[PDB]
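Asker: 3D model of this:
(5 chains, ligands or ions: 7)
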Amino acid sequence: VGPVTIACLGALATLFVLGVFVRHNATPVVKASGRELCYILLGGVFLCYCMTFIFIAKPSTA
Amino acid sequence: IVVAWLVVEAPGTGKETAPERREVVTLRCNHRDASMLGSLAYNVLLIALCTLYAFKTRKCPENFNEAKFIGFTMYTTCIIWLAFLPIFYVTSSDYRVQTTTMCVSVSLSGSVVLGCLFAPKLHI
Amino acid sequence: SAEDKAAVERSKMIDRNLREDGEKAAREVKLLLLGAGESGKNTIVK
Amino acid sequence: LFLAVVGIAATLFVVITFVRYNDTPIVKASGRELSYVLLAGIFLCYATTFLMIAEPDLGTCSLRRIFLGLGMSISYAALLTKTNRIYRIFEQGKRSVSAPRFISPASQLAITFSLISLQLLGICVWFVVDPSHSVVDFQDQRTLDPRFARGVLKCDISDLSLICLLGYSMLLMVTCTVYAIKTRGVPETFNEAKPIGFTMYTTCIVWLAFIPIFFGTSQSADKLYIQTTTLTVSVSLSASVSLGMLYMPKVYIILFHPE
Amino acid sequence: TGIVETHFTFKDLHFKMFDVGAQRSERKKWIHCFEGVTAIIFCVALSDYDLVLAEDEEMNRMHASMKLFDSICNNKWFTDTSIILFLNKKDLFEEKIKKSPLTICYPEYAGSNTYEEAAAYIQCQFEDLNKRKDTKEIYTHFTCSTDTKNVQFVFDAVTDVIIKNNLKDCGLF
Ligand SMILES: CCCCCCCCCCCCCCCC(=O)OC[C@H](COP(=O)(O)OCCN)OC(=O)CCCCCCCCCCCCCCC
Ligand SMILES: CC(C)CCC[C@@H](C)[C@H]1CC[C@H]2[C@@H]3CC=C4C[C@@H](O)CC[C@]4(C)[C@H]3CC[C@]12C
Ligand SMILES: CC(C)CCC[C@@H](C)[C@H]1CC[C@H]2[C@@H]3CC=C4C[C@@H](O)CC[C@]4(C)[C@H]3CC[C@]12C
Ligand SMILES: CC(C)CCC[C@@H](C)[C@H]1CC[C@H]2[C@@H]3CC=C4C[C@@H](O)CC[C@]4(C)[C@H]3CC[C@]12C
Ligand SMILES: CC(C)CCC[C@@H](C)[C@H]1CC[C@H]2[C@@H]3CC=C4C[C@@H](O)CC[C@]4(C)[C@H]3CC[C@]12C
Ligand SMILES: CCCCn1ccc(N2CCC(c3ccccc3)CC2)c(Cl)c1=O
Ligand SMILES: Cc1ccnc(Nc2nc(-c3cn[nH]c3)c(C)s2)n1
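Answerer: Numbers count the residues shown, from 1 in each chain, chains lettered A, B, ... in the order given. Ligands and ions are numbered 1, 2, ... in the order given. Provided below are the atomic coordinates:
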């Protein structure tokens, strides 16, 4: 439950940054960094939290 | 690197029965130490490149200067994994607890990357 | 297609010559002097 | 051992440069006092690893407490009062005029050893009340039903002793971070305001990640080379992240002397 | 009578200024033939805010430059290029700053003929002509009568717009 609870909270936190960034794209501070590579980095965090459940994920060959 | 190693190895169920005849382990594929060390070696090599490239980004007009946050990310993550070696090599008796270490350190590493870089930008 | 093959080989060689001259032309800054004459243009070109 | 050999060489290399080039080019930015005692504390921390895991017996167990106790309590005693000084002039100079009387090399030394003097009298309390005794072996554990059984050579120091002793250094850790965090705005001594604040955050990461090490290995692993060699690594890294951030840039600048 | 491209190199950067002007034709027919330029340099004579064209007898020497400067910046061709301003012969302007009232050029201006003050008002009057200034930047400079150290400014001015131009396409800005 511990790893799952923190992962669930982190997944919502990642969407908070993604949702704000696209909404506030007109603000020059967010576009100062690489916009194309920012979503990849933001996506990697989301995949990182989603992959946390994979370590148990009903272990089997597949 | 992973695909080549996967082809050499075999993905399947290698569950074994403990000699104690009590609390049999779950369906285990293979060792998590040597069969997966290839990913660690590749990641470490590019971490130094990222740190080295961050040594020249300091002389940037504030907004483009994120070397302070990059350095903390490249240090906090290394400290987490450097201190993770005793944890994995000590709690190696009960599998349900050793696997819990997999799901906590990874989550901490992801939070550090988001917290150190995205949060200061999100603050403004 | 014998002379045609050699013609393509010559075209490839001069293609590199045009390509390498592109960076040299692009490596130099271009500035345009504007304004009425006898207003100090001599003192900024000599 | 890897950190000890490079650490003991690094601390001797910097001190030679830091004293041979005593023309006050950039060295005068920091006081001559509170910069050698802190460096000497790092010297003790690096020398602690050499003496800690070295022929564990009655003599070495007693030496383990004093060197480890004085190694880190001295290093962070100067760090706290150095950070305290930076806040005092910045706060006093913002509105009032000048600084209180204790900002002076002669008077600042007295309070620096005042924190050390607490350990000097304190370390005698555990030494006298509970003298270190070389336990032959903790044979109740590390013995197996088959013919193979070795045991562990445990020392007199226990969980209560090390936690309380390290607690004083930990008590000195929070107060440095609190003082350094408050003075985020540009204080006096520009050249030695950012490295002090950044080191404390860097050092706290090491100790905050040491909490699961202590409460993560008292279950299965041997209590012979996990509670004695892992602890000295954190001590070495704690000094390393302080020596590296503070003195190493000064050596690099003074090597290519710009002034 | 044609244009002159001069070469001069400083601090490991090669420059190729184009002396376009001798041309007495439409100019507009080849104004667009001078695009892709990183920046332009505009030379202004400070001691000409009083002088009046003898042939015209109605247009001031400095006021004539105002129409030319406005047309250059306001056109759609030069919207993506920066403007570099040069002021020539400040010694005569400083001598005439009190000798000739700033009003002669700026009647609205009523400030002391003190050079520092007058120089400030005329400088601000250059940049308030373009309708859009978000993507337009002007690098005003004073140079000298001999203009010995003007090379350093133009080297710095182009560096500011070279980096700015690169970031515009990459999307970092
Ligand atoms: C001996 C064992 C390890 C000891 C490590 C000692 C060296 C690092 C100490 C502290 C680490 C992070 C400090 C960042 C803040 C800072 O110091 O910033 C300092 C600079 C300047 O940036 P500025 O904003 O001040 O501009 C000021 C303009 N004049 O920023 C940076 O980008 C530094 C370059 C990145 C380096 C990051 C850490 C280097 C090693 C990473 C690997 C860690 C392995 C550890 C495992 C043993
Ligand atoms: C600032 C944030 C990132 C801190 C996150 C701390 C997390 C990783 C820590 C804090 C408290 C921890 C829990 C404390 C106690 C237990 C009960 C034990 O039987 C299983 C592990 C479990 C469930 C821990 C899991 C990890 C845990 C949830
Ligand atoms: C030179 C060092 C201090 C640099 C920092 C090392 C850090 C990043 C840590 C984190 C994970 C670590 C690795 C984890 C696992 C193994 C397998 C074992 O056989 C020890 C070496 C090796 C391969 C470790 C080497 C050190 C390591 C890469
Ligand atoms: C890199 C940094 C920021 C990581 C910080 C992680 C902190 C918040 C986590 C990591 C390890 C955790 C500890 C692991 C185990 C225990 C023992 C349990 O009985 C009580 C909670 C306690 C004491 C946890 C408290 C929270 C803790 C200290
Ligand atoms: C240092 C960084 C990675 C943060 C720490 C995360 C991991 C390593 C922490 C978080 C929770 C911790 C566990 C919390 C509680 C227990 C039960 C105790 O009887 C033995 C240690 C054990 C099993 C801890 C081992 C280390 C642990 C799994
Ligand atoms: C600097 C950033 C590092 C990122 N990192 C860190 C560790 C990492 N492993 C997880 C633990 C494995 C391991 C197995 C046995 C003993 C110690 C360790 C080795 C592989 C990966 Cl796969 C990675 O990608
Ligand atoms: C909290 C923390 C951060 C970094 N480091 C340590 N200490 C360590 N010590 C060893 C070790 C040395 N020898 N054997 C094991 C590790 C693998 S991590 N702690």
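Asker: Tell me the spacing between residue B:69 and residue D:187.
Answerer: According to Cβ to Cβ, to the nearest Å, residue B:69 and residue D:187 sit 22 Å apart. All C-beta spots, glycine's among them, are computed from the backbone N, C-alpha and C.
Asker: Show me which of these two is the more surrounded one.
Answerer: Per other Cβ atoms under 10 Å in any protein chain shown, whichever of residue B:69 and residue D:187 has more neighbours is residue D:187, with 23 against 18.
Asker: so which helix or strand takes in the spatially most central residue of chain B?
Answerer: For chain B, the residue nearest the mean C-alpha position is residue B:106 (5.8 Å; Cα atoms, centre = their mean). For residue B:106, the element it lies in under DSSP states H and E is helix B:95-113.
Asker: Show me what that helix is packed against.
Answerer: When contacts are defined as 3 or more Cβ pairs under 8 Å, 6 or more residues apart in numbering or on different chains; DSSP states H and E, helix B:95-113 packs onto helix A:2-23, helix A:35-52, helix B:67-90.
Asker: and the ones you listed, which is most packed in?
Answerer: helix B:67-90 (a mean of 17; mean count of other Cβ atoms under 10 Å in any protein chain shown).
Asker: That one: how far from the chain's middle?
Answerer: Relative to its chain's centre, helix B:67-90 lies at 9 Å (Cα atoms, centre = their mean, to the nearest Å).
Asker: That helix near ligand 7 anywhere?
Answerer: Yes: Helix B:67-90 reaches ligand 7 (Cβ under 6 Å from any ligand atom) through B:79, B:82, B:83, B:85, B:86.
Asker: Can you say which two of the residues you listed are spatially most distant?
Answerer: Maximum pairwise distance among the residues of helix B:67-90 next to ligand 7 (Cβ to Cβ): 12.8 Å, between B:79 and B:86.
Asker: In chain C, where's the longest strand?
Answerer: Under DSSP state E, the strand in chain C containing the largest number of residues is strand C:31-34.
Asker: and residue D:175, what does it touch?
Answerer: Contacts of residue D:175 were listed using Cβ atoms under 8 Å, 6 or more residues apart in numbering or on different chains, and they are residue D:80.
Asker: Quickly note the distance from it to residue D:74.
Answerer: Using Cβ to Cβ, residue D:175 is found at 16 Å from residue D:74.
Asker: just the helices in chain E please.
Answerer: Along chain E, counting by DSSP state H, helices occupy E:28-31, E:61-74, E:90-99, E:115-127, E:150-170.
Asker: For the residue nearest to the centre of chain B, give me its contacts.
Answerer: A:48, A:51, A:52.
Asker: circling back to that earlier point, nearest to ligand 4, of the helices and strands packed on helix B:95-113?
Answerer: helix B:67-90 (5.5 Å; Cβ to the nearest ligand atom).
Asker: and the angle from that closest one to helix B:95-113?
Answerer: Here helix B:67-90 points in a direction 170 degrees away from that of helix B:95-113 (axes from the mean of the first three to the mean of the last three Cα atoms, to 10 degrees).
Asker: Report all helices and strands that helix B:67-90 contacts.
Answerer: helix B:37-54, helix B:95-113, helix D:194-208, helix D:211-214.
Asker: Let me know whether that helix sits next to ligand 6.
Answerer: Yes: Helix B:67-90 comes into contact with ligand 6 (Cβ under 6 Å from any ligand atom), by way of B:77, B:78, B:81, B:85, B:88.
Asker: Over to stretch E:121-139 now: how far is its first residue from its last?
Answerer: Across stretch E:121-139, the terminal residues are separated by 16 Å (Cα to Cα, to the nearest Å).
Asker: And for it, what's in contact with it?
Answerer: Stretch E:121-139 is contacted from outside by E:39, E:44, E:46, E:49, E:66, E:69-70, E:73-74, E:79-80, E:82-85, E:102, E:105-106, E:109, E:111, E:140, E:153, E:157, E:160-161, E:164, using Cβ under 8 Å, 6+ apart.
Asker: got it, and stretch D:92-100?
Answerer: D:88, D:89, D:188.
Asker: what do you get for stretch E:50-60?
Answerer: E:49, E:61, E:62, E:64, E:96, E:100, E:104, E:105.
Asker: Enumerate every residue touching the last one.
Answerer: Residues touching residue E:105, when contacts are defined by Cβ under 8 Å, 6+ apart, comprise E:49, E:50, E:60, E:62, E:63, E:122.
Asker: nearest residue to residue 11 other than its sequence neighbours?
Answerer: This is for chain A. Once flanking residues are discounted, residue A:11 sits nearest to residue A:49: 4.6 Å by Cβ to Cβ, 6 or more residues apart in numbering or on different chains.
Asker: right idea, wrong chain: chain E
Answerer: Leaving aside its sequence neighbours, residue E:11 sits nearest to residue E:155 (Cβ to Cβ, 6+ apart; 6.0 Å).
Asker: ok, now which ones touch the one you found?
Answerer: By Cβ under 8 Å, 6+ apart, the contact list for residue E:155 reads E:10, E:11, E:13.
Asker: ok, and the most crowded of those residues?
Answerer: Result: residue E:13 is most packed of the contacts of residue E:155 (other Cβ under 10 Å), 14 neighbours.
Asker: In this structure that residue contacts residue E:38, no?
Answerer: No: counting by Cβ atoms under 8 Å, residue E:13 sits too far from residue E:38 to count as a contact (11.3 Å).
Asker: what residues do those two have in common as contacts?
Answerer: Common contacts of residue E:13 and residue E:38 (Cβ under 8 Å, 6+ apart): C:29, E:158.
Asker: Just the buried ones from the contacts of stretch E:121-139, in ChimeraX syntax?
Answerer: Buried members of the contacts of stretch E:121-139, defined by 16 or more other Cβ atoms under 10 Å in any protein chain shown, are picked up in ChimeraX with:
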select /E:39,44,46,49,66,69,73,82,83,84,85,102,105,106,109,140,153,157,161
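Asker: Chain B contacts on chain D?
Answerer: Residues of chain D found near chain B (Cβ under 8 Å from any Cβ of the partner chain) are D:201-202, D:205-206, D:209-210, D:212-213, D:216-217, D:219-221, D:226, D:230.
Asker: what two of those residues are the furthest from one another?
Answerer: The widest separation within the residues of chain D next to chain B, taken as Cβ to Cβ, falls between D:201 and D:220 and amounts to 33.1 Å.
Asker: What would the helix or strand hosting residue D:175 look like as PDB? C-alpha coordinates only.
Answerer: Assigned by DSSP H and E, residue D:175 belongs to helix D:159-182. What follows is helix D:159-182, C-alpha atoms only, in PDB (Å, rounded to 0.1, in the frame of the first residue of the first chain):
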ATOM      1  CA  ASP D 159      22.700   1.600  19.800                       C
ATOM      2  CA  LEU D 160      22.200   4.000  22.700                       C
ATOM      3  CA  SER D 161      25.800   5.200  22.800                       C
ATOM      4  CA  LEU D 162      26.200   6.000  19.100                       C
ATOM      5  CA  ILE D 163      22.800   7.600  18.600                       C
ATOM      6  CA  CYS D 164      23.200   9.900  21.600                       C
ATOM      7  CA  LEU D 165      26.800  10.800  20.400                       C
ATOM      8  CA  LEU D 166      25.700  11.300  16.800                       C
ATOM      9  CA  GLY D 167      22.600  13.100  18.000                       C
ATOM     10  CA  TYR D 168      24.700  16.100  19.200                       C
ATOM     11  CA  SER D 169      26.100  16.400  15.700                       C
ATOM     12  CA  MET D 170      22.600  16.000  14.300                       C
ATOM     13  CA  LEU D 171      21.400  18.600  16.800                       C
ATOM     14  CA  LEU D 172      24.100  20.800  15.300                       C
ATOM     15  CA  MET D 173      22.800  19.900  11.800                       C
ATOM     16  CA  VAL D 174      19.300  21.400  12.100                       C
ATOM     17  CA  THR D 175      20.500  24.700  13.600                       C
ATOM     18  CA  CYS D 176      23.000  25.300  10.700                       C
ATOM     19  CA  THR D 177      20.300  24.600   8.100                       C
ATOM     20  CA  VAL D 178      17.800  26.900   9.900                       C
ATOM     21  CA  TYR D 179      20.300  29.700  10.100                       C
ATOM     22  CA  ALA D 180      21.500  29.300   6.500                       C
ATOM     23  CA  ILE D 181      17.900  29.100   5.100                       C
ATOM     24  CA  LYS D 182      16.900  32.300   6.900                       C
END
